[PDB]
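Working notes, beginning with the structure itself.
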Ligand SMILES: *[C@@H]1O[C@H](CO)[C@@H](O[C@@H]2O[C@H](CO)[C@@H](O[C@@H]3O[C@H](CO)[C@@H](O)[C@H](O)[C@@H]3O)[C@H](O)[C@H]2NC(C)=O)[C@H](O)[C@H]1NC(C)=O
């Protein structure tokens, strides 16, 4: 398998004032649990 | 006037006004285009 975001580390924002907050548990941490 | 690049500044380009941070780009504008837009209805870039 728009909005402000940030990856890595580089960030970007949009004039619409919308974003998405990160999870506490990253994919790696989940993989560790499983 | 002159302008400051890579800084939050108030702009008033002939026919275009607003605020933001102006940075150089490589968008393949056509000879008959002045400015472009994002997927949303907001100005994305302008030709000086
Ligand atoms: C926030 O912005 C600053 C700069 O405005 C970013 O810091 C800069 O990050 C690069 C990459 O880690 C640092 O190294 C540079 O790499 C290029 C690669 O060719 C090289 O040509 C440069 O001479 C330099 O080595 C750069 O030094 C660094 N600048 C400073 C002042 O530390 C920072 O990453 C940005 N952070 C986010 C979250 O956007």
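Don't worry about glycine lacking a Cβ; one is built from the backbone with ideal geometry, like all the others, and counts go over all protein chains shown. Rule-based calculations on the coordinates, nothing more; no lab input.
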Filtering the stretch B:22-47 down to residues that are surrounded by 10 or more Cβ atoms within 10 Å (Cβ to Cβ), more than 9 Å from the chain's Cα centre (by Cα) and within 13 Å of another protein chain (Cβ to nearest Cβ) yields B:37, B:38, B:40, B:42
In the stretch B:1-21, anything under 16 Å from residue A:12 (Cβ atoms) and surrounded by 10 or more Cβ atoms within 10 Å (Cβ to Cβ) is listed as B:20, B:21
Filtering the stretch A:1-18 down to residues that are away from chain B (no Cβ under 14 Å) and either in contact with a strand residue (DSSP E or B) (Cβ under 8 Å, 6 or more places away or on another chain) or within 16 Å of residue B:39 (Cβ to Cβ) (or both) yields A:5, A:6
